[PDB]
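Overview (structure and organization)
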Amino acid sequence: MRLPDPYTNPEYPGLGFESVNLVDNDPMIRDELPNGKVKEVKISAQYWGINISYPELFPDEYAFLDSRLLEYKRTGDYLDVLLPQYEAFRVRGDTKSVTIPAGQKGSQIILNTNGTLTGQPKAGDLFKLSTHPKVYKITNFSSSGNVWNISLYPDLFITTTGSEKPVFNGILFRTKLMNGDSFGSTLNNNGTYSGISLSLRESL
Amino acid sequence: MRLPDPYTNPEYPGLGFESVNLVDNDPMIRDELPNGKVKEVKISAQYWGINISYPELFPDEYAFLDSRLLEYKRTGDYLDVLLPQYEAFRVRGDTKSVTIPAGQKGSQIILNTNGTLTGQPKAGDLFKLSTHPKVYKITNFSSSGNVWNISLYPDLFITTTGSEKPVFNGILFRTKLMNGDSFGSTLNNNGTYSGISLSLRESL
Amino acid sequence: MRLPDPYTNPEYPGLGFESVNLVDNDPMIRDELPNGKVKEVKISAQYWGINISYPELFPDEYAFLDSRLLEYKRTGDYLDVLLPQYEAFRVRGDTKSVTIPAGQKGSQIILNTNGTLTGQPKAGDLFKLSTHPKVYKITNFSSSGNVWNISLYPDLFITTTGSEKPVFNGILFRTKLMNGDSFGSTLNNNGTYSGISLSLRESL
Amino acid sequence: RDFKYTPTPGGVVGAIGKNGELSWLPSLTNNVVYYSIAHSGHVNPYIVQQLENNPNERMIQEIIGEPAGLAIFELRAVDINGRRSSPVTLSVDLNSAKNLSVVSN
Amino acid sequence: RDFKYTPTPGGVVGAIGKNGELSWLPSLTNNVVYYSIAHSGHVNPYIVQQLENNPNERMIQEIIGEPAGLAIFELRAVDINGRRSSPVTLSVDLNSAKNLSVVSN
Amino acid sequence: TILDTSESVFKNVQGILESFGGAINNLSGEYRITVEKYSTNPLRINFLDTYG
Amino acid sequence: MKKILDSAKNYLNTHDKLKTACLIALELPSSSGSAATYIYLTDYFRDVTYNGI
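- Its PDB header attributes the entry to cryo-EM and lists the resolution as 4.29 Å.

1. Focus on the overall build of chain D
- Looking only at helices and strands, chain D has zero helices and seven strands in total.
- Reading chain D from its N end, one meets helices and strands in the order β-β-β-β-β-β-β.
- Relative to the compact-globule value of 13 Å for 105 residues, chain D shows a C-alpha radius of gyration of 14 Å, a close match.
- Overall, the C-alpha framework of chain D stretches about 45 × 35 × 20 Å when taken along its three principal axes.
- Within chain D, the proportion of its 105 residues that are buried is 33%.
- Pairs at least 24 apart in sequence give 54% of the contacts found in chain D among residues at least 6 apart.
- As displayed, chain D offers around 6300 Å² of accessible surface, 54% of which is attributable to carbon and sulfur atoms.
- Across chain D, the 8 positively charged side chains and the 9 negatively charged ones have centroids separated by 5 Å.

2. Here's the deal with the interface of chain C and chain A
- Each partner contributes to the interface: chain C provides 29 residues, whereas chain A provides 33 residues.
- Summed over both partners, the interface of chain C with chain A comes to about 2500 Å²; 44% of that surface belongs to carbon and sulfur atoms.
- When the buried area of chain C at its contact with chain A is split by residue, C:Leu70, C:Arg74 and C:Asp181 rank highest and sum to 24% of it.
- The interface formed by chain C and chain A contains six salt bridges.
- Linking chain C with chain A are 16 residue pairs in polar contact, by the criterion used here.
- When contributions to the side of chain C that touches chain A are tallied by element, the ones reaching two or more residues are helix 1 (59–75), strand 11 (173–177), strand 12 (182–187) and strand 14 (197–202) of chain C.
- Here the side of chain C that touches chain A is built from residues that sort into ten nonpolar, ten polar and nine charged.
- Alignment of strand 1 (residues 19–25) of chain A against strand 12 of chain C, held across six bridges, turns out to be antiparallel. Along strand 12 of chain C, the bridge assignment pairs A:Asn21 with C:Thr186.

3. Quick word on the interface of chain A and chain F
- Taken residue by residue, the interface counts four residues in chain A and six residues in chain F.
- Note on chain A versus chain F: buried area summed over both sides is about 370 Å², and carbon and sulfur give 65% of it.
- Sorting the residues of chain A by area buried against chain F places A:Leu33, A:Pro34 and A:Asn35 first, and these three jointly supply 82% of that buried surface.
- Inspection of the chain A/chain F interface yields two residue pairs in polar contact.
- Looking at the side of chain A that touches chain F residue by residue, the class counts come to two nonpolar, one polar and one charged.

4. Describing the relation of the copies chain C and chain A
- Of the transformation placing chain C onto chain A, the axial shift is 0.2 Å and the rotation is 58°, giving an RMSD of 1.1 Å. Accordingly, the operation relating the two chain copies is best matched by a six-fold axis. For chain C, the minimum C-alpha distance to the rotation axis belongs to C:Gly195 and amounts to 22 Å.

5. Focus: the pairing of strand 3 (residues 38–41) of chain C
- Two elements, strand 2 (residues 29–32) of chain C and strand 3 of chain C, share four bridges in a ladder whose sense is antiparallel. Looking across to strand 3 of chain C, one finds that C:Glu32 is bridged to C:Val38.

6. Details of the nonpolar core
- In this structure, B:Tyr54 and C:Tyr54 are the most contacted members of the largest nonpolar core, which totals 92 residues.
- Counting residues per element, this core draws most heavily on helix 1 (residues 59–75) of chain A, which supplies six residues.
- Those residues in contact with C:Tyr54, other than ones at most four positions away along the chain, are C:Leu3, C:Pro4, C:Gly14, C:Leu15, C:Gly16, C:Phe17, C:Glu18, C:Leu65, C:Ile196 and C:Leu198.

7. Things to note about the arrangement of the chains
- There are eleven pairs of chains in contact here; the most contacts are made by chains A and C.
- As for chain D relative to chain B, no contact occurs, and the smallest C-alpha gap between them is 14 Å.
- Left apart from each other, chain E and chain F have a closest C-alpha approach of 12 Å.

8. Some thoughts on the environment of C:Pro154
- On the secondary structure map, C:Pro154 appears in the loop between strand 9 (147–152) and strand 10 (166–167).
- Contact partners of C:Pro154, with chain neighbours within four places excluded, come to C:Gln46, C:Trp48, C:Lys134, C:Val135, C:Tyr136 and C:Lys137.

How each quantity is defined
- Residues numbered from 1 in each chain as written, not as in the entry; some residues may be left out.
- Chains lettered and ligands numbered in written order.
- Part of a larger assembly, values for the part shown.
- Heavy atoms only, no water.
- Helix = DSSP H or I, 4+ residues; strand = E, 2+ residues; numbered from the N terminus.
- Rg over C-alpha atoms; globule rule 2.2 N^0.38 Å.
- Buried < 20%, exposed > 50% of the residue type's maximum accessible area, 1.4 Å probe, protein only.
- Contact = heavy atoms within 4.5 Å.
- Areas by Shrake-Rupley, 256 points an atom, 1.4 Å probe, with all protein chains shown as cover.
- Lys, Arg positive; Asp, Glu negative; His and termini not counted.
- Charge placed at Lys NZ, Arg CZ, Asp CG, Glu CD.
- Buried area = accessible area lost by both parts, 1.4 Å probe.
- Salt bridge = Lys/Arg side-chain N within 4 Å of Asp/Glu carboxyl O.
- Polar contact = N/O pair within 3.5 Å; in protein donor to acceptor, adjacent residues only side chain to side chain.
- Nonpolar A, V, L, I, M, F, W, Y, C, P; charged D, E, K, R; others polar.
- Pairing = 2+ DSSP bridges.
- Least-squares fit on C-alpha atoms.
- Core = buried A, V, L, I, M, F, W, Y, C linked by side-chain atoms within 4.5 Å.

Okay, structure coming up:
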């Protein structure tokens, strides 16, 4: 399920994201030895945290947003969040004729584009596999012919089976709405709803 | 009993919500798995919470208000409130001749108007069964002629027994006060009671 | 690896420290005797701490910056930084033909330039040995012809082996991030990432 | 179904020879998590995990460097609860010239 | 040496199905204390200690109760210093522990 | 030793060990039987290597 | 003391960020002793395959 944004629903301009906050949550056990050497240990997973802020909402905008959020809480679905700043179209073509060799469980994807894709991905972009909902950021990219060497920040959450297909454009965050236990919005005497905030967390 | 408001007592326009906060309170056993998956189990019942803020109240209006509140505290019954933003009379007609077939549990509900009601209840509006005092919130609507399919955010607390009648207008929340233990009112030199507010909470 | 900055990437002038805080962190066993005498014992190693604050970063500059930071977090190596206020090239020449006699421990150090270097390193400037990555701070200087006597605030971590070469320019701190666990960036409606800051900490 | 060993006749160096891969269509029954194939030369079985749900869509597992000679393969599907399926057996003799696919269609 | 498996047609040990037996010749290197064998699908490798008389007569270990099908047996030895021989593999198919009568009708 | 098998194997092993002050421990799956002895090759630990 | 591989010591000394994982191999009950099963678990963010398990 997609969170309402002024792409799909421009008739409600108040539903735009006044300010997004992409939080990098990678819990680690960091210990500082007296000999000056700082040591880290990583066990848990990394999850992208998204915080959405909203302006004053008119009754119709709030009605639409609240209906969507209540539909989410009713069906127990997953809110999809689209960040416009990450929607630069660089890689274009078909992602079905590209092959990803299997057995890749590290933090690096080696894929043979088979010359079917034009353009090259840029470092810091958003990358995602077609068979897993986790979202990756490209930290480095070296192309030697048709084989690409894409480096990802989160260690690969799945081991490639050889059937996965890279996804570069149209990437959505399969988030789950936090702070929904006590979710409310105050209606002022002037008819507009205020104090609406969405603390979302990537529940892959 | 009924909480006084300009609809019941028009002679006191000082009564009436300066701002109402309709919060959603669904307790949940949320657990953040190490693999990134978030698992939440719903066990405790959900309850709407209403935070009412009053404007400058003159001495007679506050006398009426706190007289009613103290009668509430004395006889110990429940305190009904009528939110006015949800009082858009979008469904005309008399709902006695509307039958809800028995044996229905969950969010979905099916009711047959038998060609009596005029008007379509859009998403975001309130809904309440005749017998049970719980107040739901319509999230999606779909009708095939006379039969109406309504999806409600909180699951039906009680399974329909075939006699419950829909209540699309004049919905009252059966609430209980949460500020009773220490409830003070300040009188200014201007002659008005300032900062009167209520933290209500739906019971059952 | 190298932290991006306008010297390495002049095309991104948004990178570059709006304000840098170079803190001194020497843990000590301080004890306040009842007679008024204060006794402190140095046991734990000292480490410089660097707090970097960035100005308004545009989306492409932040993409480059967080791509580099996520590559840091991925490959797990150290993150070198170059403080520009200490980049006053006060010592010309090539330091390969400069010998530091072996068997020297403590703050004092003696190095023979053999008539190669031009320029006097005044007090307050940085100093770093070729082999060890520790960064010192010159506190006093005294030269008798070619031989230079330099006093450093932190005692020499390793005793000179007769091959270490002085590094009076281009000194990089081998640091580790301390904000990695929860590192979020907010995007304004103006189109800039605001309040980006780093709490670095020298490792070893 | 369709446990078919698809061999690659590519001329590879003698020291390490890339044996052709093998394919087997996903099990019809849902709630299958991975696929454990026994191997002649390896005690441990190769495992391929089916996270997605793509019926009628083939899957591939490849073996490289195995010695030339007789080979026997036994593949079994595994349930999410822990059940294991019946074995699927296929024995193929490994040789560079013997590396020719079955007649198709 | 001689790491071979000979099936047992009729097998019973304490009234339970007995499969064949697998045998091998002791390593020529001295000071070997036991011969460890790894069995596919089993957490615990089968270990049988040697004997002072082993230098002459090969030892044998029996496998009982396993189902009919493929088994991968890996044999390697140890030294009192921990030194280990290179593993010896034997990929074979096993008969049922107790050949059961077919369904009457 | 007279190992009365009636008693638990735990008790018998403890009784044997208490005779010569030895100790048995299993960490990492190896059963170590060791006694308090002087060694000429200890593991060098420095206070800096230690935590604070 | 339990000695470890030389490569293990080199990796532990050289690498400061260790990505550890605990691989629980728990036994599972069954009515008859002729049936045995195991449930494998780990706290790592992704399933870990060791010895084909």
